[PDB]
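Undergrad: What follows is a structure written as structure tokens; I'll ask about it next.
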Amino acid sequence: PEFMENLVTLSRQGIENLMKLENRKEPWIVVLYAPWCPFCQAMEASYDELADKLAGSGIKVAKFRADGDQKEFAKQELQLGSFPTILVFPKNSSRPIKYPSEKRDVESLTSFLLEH
């Protein structure tokens with residue numbers, strides 16, 4: 001039973017790719033998570049819902065496990081405050097934008113993007 005199954009998992013190699021590749025034709029939303037965090041578990045279904053309703057939208061929805069060895073990497077470069085953090089990567093953006101990670105904000109995020 002894997003954690004947050006609807007979201008594809010970036011590796012450290014993968015997300016350092018995401019941040020260095022540009023001409024990204026598509027925006028990304030990336031959840032910085034850690035599978036022992038209670039709020040991560042309670043938000044898990046909120047993120048799974050986000051991913052389903054955004055599937056086929058052109059927005060890639062992914063997750064990156066940011067505890068342990070990655071924790072300081074995520075703290076310096078990935079704007080990881082505390083778990084979970086939501087990073088939004090626009091097509092043409094100076095930097096990923098940290099986005100509030102509470103339930104109604106996620107519902108706000110989904111429904112907004114659906115009207116493009």
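Nothing in this text is a laboratory measurement; each read-out follows from the coordinates by a stated rule. So basically every Cβ, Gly included, is an ideal-geometry build from the backbone, and we count neighbours across all protein chains shown.
Undergrad: Need the failing condition index for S57 against (1) more than 21 Å from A74 (Cα to Cα); (2) part of a strand (DSSP E or B), just the number.
TA: (2) is the only condition that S57 fails.
Undergrad: Considering region 80-94 alone, what residues qualify as being farther than 17 Å from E44 by Cα and touching a helix residue (DSSP H, G or I) at 6+ places or on another chain (Cβ under 9 Å)? Full working, then the answer.
TA: Step one: filter region 80-94 for residues farther than 17 Å from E44 by Cα, giving 80-81, 88-94.
Listed by number, the residues that qualify are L80, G81, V88, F89.
Undergrad: Give me the residue from region 1-15 that is touching a strand residue (DSSP E or B) at 6+ places or on another chain (Cβ under 9 Å) and in a helix (DSSP H, G or I) and, out of that set, surrounded by the fewest Cβ atoms within 10 Å (Cβ to Cβ).
TA: Checked region 1-15; the qualifying residue surrounded by the fewest Cβ atoms within 10 Å (Cβ to Cβ) is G14.
Undergrad: Listed residues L87, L113; which is touching a residue at least 40 places away in the same chain (Cβ under 8 Å), surrounded by 15 or more Cβ atoms within 10 Å (Cβ to Cβ) and either over 14 Å from the mean Cα position of the chain (by Cα) or in a loop (DSSP other than H, G, I, E, B) (or both)?
TA: On inspection, the qualifying residue turns out to be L113.
Undergrad: Every residue in region 28-45 that is in contact with a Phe, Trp or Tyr (Cβ under 6 Å, 6 or more places away or on another chain) and either assigned to a loop (DSSP other than H, G, I, E, B) or without any contact (Cβ under 8 Å) to a residue 40 or more places away in the chain (or both), please.
TA: Residues satisfying the conditions are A34, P35, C37.
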